[PDB]
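One chain follows as structure tokens, the form deposited in one PDB entry.
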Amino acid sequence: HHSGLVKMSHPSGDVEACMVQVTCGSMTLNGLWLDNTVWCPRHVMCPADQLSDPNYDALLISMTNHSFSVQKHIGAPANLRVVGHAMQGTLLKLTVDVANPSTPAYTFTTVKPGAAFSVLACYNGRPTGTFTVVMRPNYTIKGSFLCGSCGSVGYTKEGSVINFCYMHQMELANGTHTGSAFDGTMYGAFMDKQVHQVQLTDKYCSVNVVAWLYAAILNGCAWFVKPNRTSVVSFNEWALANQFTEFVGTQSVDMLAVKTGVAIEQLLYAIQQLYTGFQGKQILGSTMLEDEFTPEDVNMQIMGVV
């Protein structure tokens, strides 16, 4: 029996119309053109043989408006004249003389651990694929990014409003990925320098494991549900010692509890038991806990509720 869950991304057309190529010096990558602004990673300014220890303040000083070449290849091609340049954290903010006529309604937001967002993977200003990821508790994502992908963007959507939350910057030693928010901060404690960096431990996202167990119940799979319960406070004490995030309930989780008649505290108890082993059984085709589906994913994909 199939769960009815897939890795679901937003439709990407609105964001496709905002992608451009940015070239500076010897480097090229992707940028995001919104209104009269093009956003891109600041390491486009770095000579390839200095990415280990750049002085970004000095690099920026050394640039003029004409140092940046901005090209839209998709749809109606365009070359955008840069009339101002600025740095915000790890991003460049290039002002251009033409407002993107396809700018969608949008905001900038930061994504939190356990939350899902959609990525539009781009190369040379050309979108090539889309996928969805969950921000991990150690502020990496398990993405799929190759050389030239920097400046690819991640986003959520509320109604018709695109909430941009991620701009790709780098790949870590363990194959995971991280990037910037559009306030210019890197996620987590990472820095946009080409050096090996301390990686924090990952954890299971407890809220998402609960959502997945609710998805199992919604599919008729509930052998792991017992009358036994673990309080949220007791679970969160246990989580600290056992590689789980602390559980914080939400209206989305509550909706799943009401629809199934299974209390959150029953599933917190179940998680504690399942973490010691599934004992030969499967849940939705898995023998390990799944934390890559959110409560919102389960509500939307199984119940049609947004």
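All residue numbers are counted from 1 along the displayed sequence. Heads up, when I say rigid core I mean the largest set of C-alphas that superpose within 1.5 Å between the two forms.
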Among the other PDB entries compared that flank it on both sides, is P101 unmodelled in a third or more? no
Where the other entries model residues on both sides, is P137 skipped in at least a third? no
Taking the mean of the C-alpha B-factors per stretch from the entry, tell me the winner out of 48 to 56 and 268 to 276. 48 to 56
So, looking at the entry's B-factor column for Cα atoms, which has the higher mean, 85 to 93 or 147 to 155? 85 to 93
Between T245, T250, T64, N30, let me know which has the highest C-alpha B-factor in the entry? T64
Per the entry, which of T287, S9, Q21, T294 tops the list for Cα B factor? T287
CA B-factor placement of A99, once the chain's modelled residues are sorted into thirds: middle
For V38, does the deposited CA B-factor place it in the lowest, middle or highest third of the chain? lowest
Here the Cα B-factor of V119, set against its chain, lands in the third termed lowest
Classify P77 as lowest, middle or highest third according to the C-alpha B-factor given in the PDB entry, relative to its own chain. highest
Lowest, middle or highest third - CA B-factor, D202: highest
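There is another form of the same protein, the form deposited in another entry; it is not shown, and what comes next is about it.
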Only one of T128, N124, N228, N79 shifts by 2 Å or more at CA between the shown form and the other one when the core is aligned; which is it? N228
Cα of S62 displaced 2 Å or more between the shown form and the other one, core superposed? no
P11: after superposing the rigid core, is there a C-alpha shift of 2 Å or more between the shown form and the other one? no
Core-aligned C-alpha movement of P47 between the shown form and the other one reaching 2 Å: no
